[PDB]
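> Residue numbers (PDB author numbering), protein chains in the order written: chain 9, 414 to 685; chain 2, 1 to 37; chain l, 1 to 136; chain h, 9 to 136.
I'd like to ask some things about the structure below.
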Amino acid sequence: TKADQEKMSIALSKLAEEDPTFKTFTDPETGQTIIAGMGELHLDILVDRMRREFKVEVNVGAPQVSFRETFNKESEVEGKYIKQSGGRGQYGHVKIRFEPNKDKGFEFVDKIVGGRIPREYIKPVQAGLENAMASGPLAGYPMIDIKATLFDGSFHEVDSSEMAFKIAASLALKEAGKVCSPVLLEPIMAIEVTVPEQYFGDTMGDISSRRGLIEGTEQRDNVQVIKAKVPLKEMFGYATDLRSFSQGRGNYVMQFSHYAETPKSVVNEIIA
Amino acid sequence: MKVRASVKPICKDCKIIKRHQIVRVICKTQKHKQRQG
Amino acid sequence: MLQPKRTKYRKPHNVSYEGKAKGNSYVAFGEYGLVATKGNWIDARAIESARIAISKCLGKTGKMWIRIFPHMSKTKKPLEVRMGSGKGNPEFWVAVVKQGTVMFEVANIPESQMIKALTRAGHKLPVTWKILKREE
Amino acid sequence: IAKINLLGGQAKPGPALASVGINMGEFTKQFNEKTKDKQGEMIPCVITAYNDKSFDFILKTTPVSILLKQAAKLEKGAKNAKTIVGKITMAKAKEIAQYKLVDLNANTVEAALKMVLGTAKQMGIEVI
RNA sequence: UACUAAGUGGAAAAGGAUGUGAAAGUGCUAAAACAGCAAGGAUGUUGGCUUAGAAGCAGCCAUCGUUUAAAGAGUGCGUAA
RNA sequence: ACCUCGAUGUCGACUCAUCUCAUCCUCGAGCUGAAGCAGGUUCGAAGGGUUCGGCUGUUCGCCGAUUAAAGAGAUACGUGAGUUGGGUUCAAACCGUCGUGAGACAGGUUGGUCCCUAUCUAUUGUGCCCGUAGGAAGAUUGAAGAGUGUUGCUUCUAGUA
RNA sequence: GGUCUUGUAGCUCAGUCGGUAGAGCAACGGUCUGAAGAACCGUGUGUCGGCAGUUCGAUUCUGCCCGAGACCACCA
């Protein structure tokens with residue numbers, strides 16, 4: 414409950430005065446409260462203080478950092494919103510190009526030469542795009558890496574207004590996104606592991622079996638170094654998969670690398 | 001020690017013995033050996 | 001999967017597979033071949049399972065030929081019905097093979113993989129297959 | 009016993025070599041000064057698995073198995089012998105074979121050239 | 001006169017097999033053939049895609065030569081190669 | 001559509017259960033991507049046992065809570081000349097539908113009466129005639145046999161490997 | 001499961017039914033409008049569900065298939 418959230422924050426205040434090394438984040442998108450711990454015993458003792466020392470009863474789940482969205486090859490559709498809700502007539506209509514841009518975010522290019530759209534409507538329509546990508550038809554993450562090219566439109570009389578054009582552009586963006594087969598991107602962390610000799614094959618087989626992008630060896634002064642661009646989901650239990658196999662003598666560095674295309678298996682897992 | 005109906009040598013060692021007039025397939029490993037295959 | 005174009009009559013005799021090889025009684029286009037030791041009927045599904053097995057174990061090249069094409073068809077009398085209302089409902093197509101008939105031939109990637117592919121093909125059908133080599 | 013072939017710029021890389029029982033700085037300095045004339049290049053080394061293992065390490069001249077690319081003035085050693093990648097003059101190939109004649113089982117320049125042709129077979133370029 | 005080792009006889013197959021016996025052949029060898037054993041079983045060479053290395057041999061693609069009586073980019077097992 | 005339409009009593013529930021393993025648990029062993037714990041896997045195999053309730057007339061179904069476990073098939077959907085009849089299937093009535101209406105719906109609803117004096121075989125206990133070679137009185141062994149072959153908890157070993 | 005009916009423009013419906021695809025609206029251009037809507041004037045869209053046949057050409061006739069819709073489940 415939200416009251417349970419408040420009481421768990423009180424428990425957080427109690428438990429952070431002893432050792433604040435644990436980090437707590439309340440994600441704005443995934444929503445669930447992430448709290449850091451060392452290992453099985455560390456999380457267990459945190460739970461014990463929560464339920465017995467603090468009398469705080471909270472459910473436990475799984476870490477939450479989900480995705481990003483984008484879409485496939487380009488297309489061009491039109492948006493016509495002739496509607497009204499509150500006392501008079503409303504209308505708007507635009508024509509935009511829905512084109513992907515692999516390495517650039519939202520971009521606008523105008524193609525109004527015959528006066529189909531006054532300059533006053535050039536800027537609002539952009540915003541209509543910038544808010545329309547926020548939802549996806551697969552799982553609802555915002556669509557990025559898109560180049561938008563406005564082509565045409567129609568400004569009518571008093572029935573026309575700027576927010577009507579923004580809504581028409583939103584309709585066009587969603588329709589084109591549905592047509593152009595949207596795809597997903599998963600977070601990918603760059604993990605570097607330095608082991609003298611013991612867990613060469615162990616880490617090789619763990620990465621090959623679980624997930625990750627690997628290429629061979631780095632041979633440091635007296636150790637073996639392996640860097641893997643691996644999905645952030647694969648860190649689940651990896652902290653103890655490596656540590657248990659290393660008897661507690663394992664270490665690495667976790668740095669976020671980039672968002673990468675999600676394979677079909679990930680497409681089947683996350684969807685409801 | 002598996003049970004099948006068509007024995008074919010999977011590993012290098014897949015020998016057979018009609019021991020006590022009962023056919024057992026044996027291997028150097030404990031997995032590839034068979035019985036009444 | 002493999003069916004004739006037009007059928008003047010859809011309802012022939014039930015079928016009898018008795019007799020010896022009348023047509024395609026030998027291998028005449030490959031280098032290795034497969035012969036049936038008993039007359040049977042091969043339906044579309046088993047034929048396609050054998051064909052996909054051959055395709056998978058064939059590699060990148062390999063030449064294969066079936067001596068027959070699925071021509072005959074079968075009918076299914078309605079279930080839970082009393083005796084006598086006509087004939088059955090038309091169903092899957094099928095090919096008839098007689099006792100001692102060569103059905104299939106292979107070349108291109110010789111005898112080792114040839115015999116391997118022939119075993120792969122024959123391990124999908126009830127017929128007690130027999131492998132042979134076409135002699136030139 | 010294993011085979012090793014690594015950069016001549018420094019003998020410090022290689023944990024397996026240091027774990028045999030020889031001090032890191034020892035073979036590092038020794039190799040780096042024995043290759044001081046020409047280093048910063050790929051060199052095949054050989055060592056044994058000795059118990060005391062004070063120093064039982066030696067090097068060899070630059071390997072000639074795909075080194076014809078140096079003589080062929082190209083890179084990207086071909087996997088398949090389907091097309092030719094370039095041309096090498098026979099004089100240079102024979103001179104290199106003589107240069108490596110003492111190393112191998114070859115007892116005349118011709119046998120070393122036969123081995124060069126055999127190792128060039130995979131590359132797609134032959135002794136031309 | 002041959003067969004049996006299953007009580008087959010005295011119910012059934014897809015299947016698989018150094019089961020038994022016979023026949024038709026095909027090669028070498030008493031110099032001691034084959035089995036086993038004492039050994040060797042090598043080099044260019046760690047050939048390249050690549051597993052934050054291609055290395056014999058995860059795999060993949062080529063898929064040769066030198067000495068030898070012998071050694072195959074290897075016959076396989078197996079190793080992080 | 002082959003005997004039985006000059007008659008093969010059928011639902012469920014209760015009791016009596018028995019038998020089979022094509023085994024659910026308890027037994028043993030092998031393999032294991034089986035460190036142990038925690039599991040799966042295959043074989044031998046019936047010695048045994050395998051719960052209590054709610055909804056439902058009502059098996060099959062679900063759930064609840066339990067045991068170490070909460071298997072199935074066959075016995076005329078075992079089991080009425082063993083018990084009842086909530087049940088389809090009497091006469092009665094009613095709702096909806098259909099049918100000109102009389103009447104009908106694996107649609108529903110309210111209910112609606114199960115006869116048996118036992119001859120033999122069988123089978124369980126209890127007896128009579130005499131037998132086993134003088135009569136009577138005892139002691140007996142034991143042939144095929146009959147009956148039970150279920151399992152859990154706690155603690156120490158030992159927080160030991 | 002059959003016993004039937006239906007499948008026609010972008011929606012709803014007719015056909016020398018063996019010799020032609022057409023209506024209202026959906027739908028664009030114009031008229032006009034201090035604002036538009038509305039209204040008016042002209043379009044246009046067309047394997048007649050898919051297959052096969054007969055002949056003469058099958059949208060129609062015959063048969064089959066597919067989708068959907070109406071009727072029933074021995075003993076009543």
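For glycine and all other residues, C-beta sits at the position ideal for the given N, C-alpha and C.
1) Are the Cβ atoms of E482 (chain 9) and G549 (chain 9) separated by less than 7 angstroms?
2) Would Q632 (chain 9) pass as an interface residue toward chain h - the criterion being a Cβ-Cβ separation below 7 angstroms?
3) Short of 8 angstroms Cβ to Cβ, which residues in the segment 476-494 of chain 9 face chain h?
4) Assign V72 (chain h) to buried or exposed, taking buried as 16 or more other Cβ atoms, counted over all protein chains shown, within 10 Å of its Cβ.
5) Going along chain h in order, which residues have a C-beta closer than 9 angstroms to the C-beta of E610 (chain 9)?
6) With 16 as the cutoff for other CB atoms within 10 Å, does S498 (chain 9) come out buried or exposed?
7) Check the DSSP bridge columns for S573 (chain 9) and list the partner residues they point to.
8) For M556 (chain 9), which three-state DSSP category applies?
9) Would you mind working out which of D516 (chain 9), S583 (chain 9), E543 (chain 9) and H506 (chain 9) sits nearest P531 (chain 9), comparing C-alpha positions?
10) Classify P644 (chain 9): buried if its beta carbon has 16 or more other beta carbons within 10 angstroms, exposed otherwise.
11) Cutting at 7 angstroms between CB atoms, please list the residues of its own chain near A449 (chain 9), excluding the five before and the five after it.
12) Could you spell out where the alpha helix (DSSP H) holding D432 (chain 9) opens and where it closes?
13) For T414 (chain 9), tell me which candidate among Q445 (chain 9), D440 (chain 9) and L428 (chain 9) has the shortest Cα-Cα distance.
14) Rounded to whole angstroms, how far is the Cβ of residue 137 (chain h) from the Cβ of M98 (chain h), which I believe are closer than 8 angstroms?
15) Would you mind stating whether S583 (chain 9) and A545 (chain 9) have Cβ atoms separated by less than 7 angstroms?
16) Quick one: complete alpha helix (DSSP H) runs, 4+ long, within the segment 610-669 of chain 9?
17) Mind pulling the chain 9 residues with CB within less than 8 angstroms of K20 (chain h)?
18) Three-state secondary structure (DSSP) at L112 (chain h)?
19) For the alpha helix (DSSP H) holding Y107 (chain h), just list the boundary residues, first then last.
20) Hey, could you find the ends of the beta strand (DSSP E) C57 (chain l) is sitting in?
21) Give the residues of chain 9 in contact with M32 (chain h), contact being defined as C-beta atoms less than 9 angstroms apart.
22) Mark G618 (chain 9) as exposed unless 16 or more other C-beta atoms lie within 10 angstroms of its C-beta, in which case mark it buried.
23) Between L2 (chain l) and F104 (chain l), which are expected to be in contact by the criterion C-beta below 8 angstroms, what is the C-beta distance as a whole number of angstroms?
To lay it out plainly:
1) For the purposes of this step, residue 482 (chain 9) is taken as residue 69 along the first sequence, with counting starting at 1. For the purposes of this step, residue 549 (chain 9) is taken as residue 136 along the first sequence, with counting starting at 1. Going by C-beta atoms, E482 (chain 9) is nearer than 7 angstroms to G549 (chain 9).
2) Taking the first sequence and counting its residues from 1, one reaches residue 632 (chain 9) at position 219. Yes, its Cβ sits closer than 7 angstroms to a Cβ of chain h.
3) none
4) For the purposes of this step, residue 72 (chain h) is taken as the residue at position 64 of the fourth sequence. Classification of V72 (chain h): buried, given that the 10 Å Cβ count is 16 or more.
5) By one-based count along the first sequence, residue 610 (chain 9) stands at place 197. In chain order: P23, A24 and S27.
6) The count along the first sequence starts at 1 and reaches residue 498 (chain 9) at position 85. The residue is exposed, with fewer than 16 neighbouring Cβ atoms inside 10 Å.
7) As a working mapping, residue 573 (chain 9) is identified with position 160 in the first sequence. According to DSSP, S573 (chain 9) bridges with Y504 (chain 9).
8) Sequence index remark: in the first sequence, residue 556 (chain 9) carries index 143 (1-based). Looking at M556 (chain 9) - three-state DSSP - the assignment turns out to be strand.
9) Position 118 of the first sequence, counted from the first residue, corresponds to residue 531 (chain 9). Of the candidates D516 (chain 9), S583 (chain 9), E543 (chain 9) and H506 (chain 9), the one whose C-alpha sits nearest the C-alpha of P531 (chain 9) is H506 (chain 9).
10) Sequence index remark: in the first sequence, residue 644 (chain 9) carries index 231 (1-based). So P644 (chain 9) counts as buried.
11) Indexing the first sequence from 1 puts residue 449 (chain 9) at position 36. Here the set comprises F435 and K436.
12) Residue mapping note: residue 432 (chain 9) aligns to position 19 of the first sequence, counting from 1. Neither: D432 (chain 9) is in no alpha helix (DSSP H) and is coded neither H nor E.
13) Along the first sequence, read from residue 1 onward, the residue named residue 414 (chain 9) stands at position 1. The shortest C-alpha separation from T414 (chain 9) is found at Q445 (chain 9).
14) Residue 137 (chain h) cannot be examined here, being either before or after the span of chain h that is shown, 9 to 136.
15) Position 170 of the first sequence, counted from the first residue, corresponds to residue 583 (chain 9). Position 132 of the first sequence, counted from the first residue, corresponds to residue 545 (chain 9). Contact: yes.
16) 613-623 and 651-658
17) Counting from one through the fourth sequence, the residue named residue 20 (chain h) turns up at place 12. Neighbours of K20 (chain h) on chain 9, chain order: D634.
18) Here residue 112 (chain h) is taken as the residue at index 104 of the fourth sequence, counted from 1. If DSSP states are grouped into helix, strand and coil, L112 (chain h) belongs with coil.
19) Here residue 107 (chain h) refers to the residue found at position 99 when the fourth sequence is read from its first residue. First-last of the alpha helix (DSSP H) with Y107 (chain h): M98 to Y107.
20) Position 57 of the third sequence holds residue 57 (chain l). Premise fails: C57 (chain l) lies in the alpha helix (DSSP H), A44 to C57, not in any beta strand (DSSP E).
21) Here residue 32 (chain h) is taken as the residue at index 24 of the fourth sequence, counted from 1. In chain order: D634 and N635.
22) Counted from its first residue, the first sequence places residue 618 (chain 9) at position 205. Label assigned to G618 (chain 9): exposed.
23) One-based indexing of the third sequence puts residue 2 (chain l) at position 2. One-based indexing of the third sequence puts residue 104 (chain l) at position 104. Actually they are not in contact, since the Cβ atoms of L2 (chain l) and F104 (chain l) sit about 14 angstroms apart, beyond 8 angstroms.
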